[PDB]
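Chain residues, written in single-letter form:
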Amino acid sequence: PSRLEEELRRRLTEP
Amino acid sequence: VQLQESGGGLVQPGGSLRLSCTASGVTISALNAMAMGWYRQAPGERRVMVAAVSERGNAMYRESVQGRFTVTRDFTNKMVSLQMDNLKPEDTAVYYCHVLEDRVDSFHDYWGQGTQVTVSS
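*Asks:* How should I be thinking about the overall build of chain B in this particular structure?
*Replies:* Within chain B, the regular secondary structure consists of one helix and eleven strands. Secondary structure elements of chain B occur, N-terminal to C-terminal, as β-β-β-α-β-β-β-β-β-β-β-β. Taking 2.2 N^0.38 as the reference for a compact globule, 121 residues should give roughly 14 Å; the C-alpha atoms of chain B span a radius of gyration of 14 Å, in line with that estimate. When its C-alpha atoms are laid out on the principal axes, chain B stretches across 45 × 30 × 25 Å. Evaluated residue by residue, chain B yields a buried proportion of 44% over its 121 residues. For chain B, restricting intrachain contacts to residue pairs at least 6 apart in sequence, the fraction spanning at least 24 positions comes to 52%. As displayed, chain B has an accessible area near 5,900 Å², and 46% of this comes from carbon and sulfur atoms.

Below you can see the structure in the form of structure tokens.
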């Protein structure tokens, strides 16, 4: 995954 | 980056709704290097990200909406859309168009206006 995609994964799992 | 949502409003449980969003004040080449996506917020919750298309064209989803929500990005026309199928009462929220910029040391959030989606029998 890219830098943005690693940051997107974090945001999409934040409750 | 200026973002504007179209669509919203009332749907019955199990129903479908499409939101769209256009970006302006940004070139195609600049916006290509950014992510585009969608957040939602119900009263008494924080804004949380539900779907995005990365700068590499990869759609990504929150588990609670995967399969039901489809996010699509038109790079050429600087648009992102959220097709919401099989909607549930707990999908009721204000939905925000969002762009994520990598500013190297930090990330920058660009926000749309928000549009209410209401799921009611």
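*Asks:* Can you help me understand the interface of chain A and chain B in this one?
*Replies:* Listed per partner, the contact involves 13 residues of chain A and 25 residues of chain B. Interface area for chain A against chain B, summed over the two sides, is near 1,500 Å², with a carbon-plus-sulfur share of 59%. The largest contributions to the chain A side of the interface with chain B come from A:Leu4, A:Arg11 and A:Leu12, which together make up 45% of the buried area. Connecting chain A to chain B are three salt bridges. B:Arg56 serves as the salt-bridge partner of A:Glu5, at 2.7 Å between the closest nitrogen and oxygen. Seen at the junction of chain A and chain B, the total is eleven residue pairs in polar contact.

*Asks:* Would you mind showing me how to read the packing of aromatic side chains here?
*Replies:* Both the distance between ring centres and the angle between the ring planes are used here to describe each pair of aromatic rings. Residues and elements named next belong to chain B. Scanning the entire structure with this criterion turns up two aromatic pairs over all chains. Here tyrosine 96 and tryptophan 111 contribute two aromatic rings whose centre-to-centre distance is 6.0 Å and whose plane-to-plane angle is 80 degrees, an arrangement assigned as edge-to-face. One end of the pair, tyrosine 96, is in strand β9 (residues 93-102); the other, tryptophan 111, is in strand β10 (residues 107-111), with 15 residues separating them in the sequence. Looking at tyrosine 96, the relative accessible area reads 11%, which means it is buried. For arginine 47, the ring lying beneath its charged end belongs to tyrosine 96, and the centroid distance is 3.8 Å. Over the ring of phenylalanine 75 we find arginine 73, and its NZ or CZ is 3.8 Å from the ring centre.

Reading guide: rules and limits
Residues numbered from 1 in each chain as written, not as in the entry; some residues may be left out. Chains lettered and ligands numbered in written order. Heavy atoms only, no water. Helix = DSSP H or I, 4+ residues; strand = E, 2+ residues; numbered from the N terminus. Rg over C-alpha atoms; globule rule 2.2 N^0.38 Å. Buried < 20%, exposed > 50% of the residue type's maximum accessible area, 1.4 Å probe, protein only. Contact = heavy atoms within 4.5 Å. Areas by Shrake-Rupley, 256 points an atom, 1.4 Å probe, with all protein chains shown as cover. Buried area = accessible area lost by both parts, 1.4 Å probe. Salt bridge = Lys/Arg side-chain N within 4 Å of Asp/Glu carboxyl O. Polar contact = N/O pair within 3.5 Å; in protein donor to acceptor, adjacent residues only side chain to side chain. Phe/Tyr/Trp six-rings, centres within 6.5 Å; stacked < 30°, edge-to-face > 60°. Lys NZ or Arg CZ within 6 Å of the ring centre and 35° of its normal.

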